[PDB]
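As numbered in the authors' numbering, residues 12 to 87, 92 to 298 make up the sequence shown, in order. Where is the CB? At the ideal position from N, CA and C, for every residue including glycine. Only one structure is covered here, and it is reproduced in the block below.
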Amino acid sequence: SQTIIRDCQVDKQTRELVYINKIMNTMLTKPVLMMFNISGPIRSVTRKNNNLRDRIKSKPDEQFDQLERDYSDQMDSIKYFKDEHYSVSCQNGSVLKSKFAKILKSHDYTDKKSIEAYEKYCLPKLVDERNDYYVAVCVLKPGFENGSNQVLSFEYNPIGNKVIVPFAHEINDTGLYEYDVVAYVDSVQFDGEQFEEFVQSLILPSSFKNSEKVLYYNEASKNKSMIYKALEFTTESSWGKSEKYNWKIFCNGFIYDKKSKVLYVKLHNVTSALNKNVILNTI
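Structure (structure tokens):
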């Protein structure tokens, strides 16, 4: 149910975004819509083996585990790409905005109410005036969950040396969005400012201990730079000989390897009033 993203430069002009969504692995009863921004037009769409999900996920998870001290368990122009079960179209947001229902019908996404809903709560997040960023429309069809290929791979060419990390949620009534996504983005440049804005708006899960505090970290290390929040608290034995434990869990934010220009993102069960993408520069 978590969303896994891997975006890598595969050569001078091309990048590949691998997107694994929660939906993608459900018994789809009818066509499902997924839309997100991408920094350039797509030229190929493929499905990949499910083993890729854990391979990709382990990377950001591993990086963030290194920050924790979890004493648990202790003993003490529109382009189309189709398949028997999915249908995708790439186009500038303005275009999608200008022909939404037809394009969607094009992918066999009929339900009028649903179309209106997306046009009202989704599209606004995917259409920017300043830059007419591209949008990827994927309609998943029943049967997509049959087999071991519920992983979409988008081959594309970045416009203007930019890379969009698709975090934009659907606009909702409460103004609060719960995130659960991990990401791996290589060949990108650090952006402290927007990383901080994001980290500082996050609300961590609770350990239910009256003594817990949420600390904000923004530290640069030898090779890597980290911006994250963590839940910290102490636990001590009552029997005497107070062997104190300083727990440091629920670390979420951005970790950036300055040497290899790799970005690790983890926003696991955190809430925020921010509903936006992270747009970075390529290297």
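So residue i packs on residue j, CB below 8 Å; how close in whole Å?
{"i": "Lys-239", "j": "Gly-268", "result": "About 12 Å separates the two Cβ atoms, so there is no contact after all."}
{"i": "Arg-26", "j": "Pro-139", "result": "Going by Cβ atoms, the distance from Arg-26 to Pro-139 rounds to 26 Å, so no, they are not a contact pair."}
{"i": "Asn-176", "j": "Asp-147", "result": "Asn-176 to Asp-147, Cβ: 17 Å. No contact."}
{"i": "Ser-287", "j": "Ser-221", "result": "The Cβ separation is near 16 Å, so there is no contact."}
Could you please give the first and the last residue of the uninterrupted alpha helix (DSSP H) stretch that includes residue i?
{"i": "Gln-20", "result": "Per DSSP, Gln-20 belongs to no alpha helix (DSSP H); it is in the beta strand (DSSP E), 14 to 22."}
{"i": "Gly-175", "result": "Here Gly-175 belongs to no alpha helix (DSSP H), and DSSP marks it neither H nor E."}
{"i": "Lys-140", "result": "138 to 141"}
{"i": "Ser-216", "result": "207 to 216"}
Consult DSSP for residue i and reduce its assignment to one of helix, strand or coil.
{"i": "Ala-116", "result": "helix"}
{"i": "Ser-253", "result": "coil"}
{"i": "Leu-191", "result": "coil"}
{"i": "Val-200", "result": "strand"}
{"i": "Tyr-124", "result": "coil"}
{"i": "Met-38", "result": "coil"}
{"i": "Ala-245", "result": "strand"}
{"i": "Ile-186", "result": "coil"}
{"i": "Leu-219", "result": "coil"}
{"i": "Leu-111", "result": "helix"}
{"i": "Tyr-279", "result": "strand"}
Tell me the residue span of the beta strand (DSSP E) that contains residue i.
{"i": "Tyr-95", "result": "94 to 97"}
{"i": "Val-166", "result": "Segment: none, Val-166 is in no beta strand (DSSP E) and carries neither H nor E."}
{"i": "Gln-85", "result": "From DSSP, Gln-85 is part of no beta strand (DSSP E); its letter is neither H nor E."}
{"i": "residue 300", "result": "Since the first residue of the chain shown is 12 and the last is 298, residue 300 is not available in this structure."}
{"i": "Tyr-271", "result": "260 to 272"}
{"i": "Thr-297", "result": "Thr-297 -> no beta strand (DSSP E), and no H or E assigned at all."}
Within 8 Å of any Cβ in chain B, is that where the Cβ of residue i sits?
{"i": "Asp-72", "result": "In the displayed structure, chain B is absent; only one protein chain is listed."}
What runs of the beta strand (DSSP E), each 3 residues or longer, lie entirely inside the stretch 49 to 83? 53 to 58
If contact is defined by three or more beta carbon pairs under 8 Å, each pair taking one atom from either stretch, is the stretch 162 to 179 in contact with the stretch 110 to 126? no
Three or more beta-carbon pairs under 8 Å between the stretch 194 to 204 and the stretch 270 to 283, yes or no? yes
Any 3 or more C-beta pairs closer than 8 Å across the stretch 153 to 167 and the stretch 24 to 43: yes
For the stretch 58 to 70 and the stretch 180 to 188, state whether three or more C-beta atom pairs, one from each stretch, are separated by less than 8 Å. Verdict: no, contact absent.
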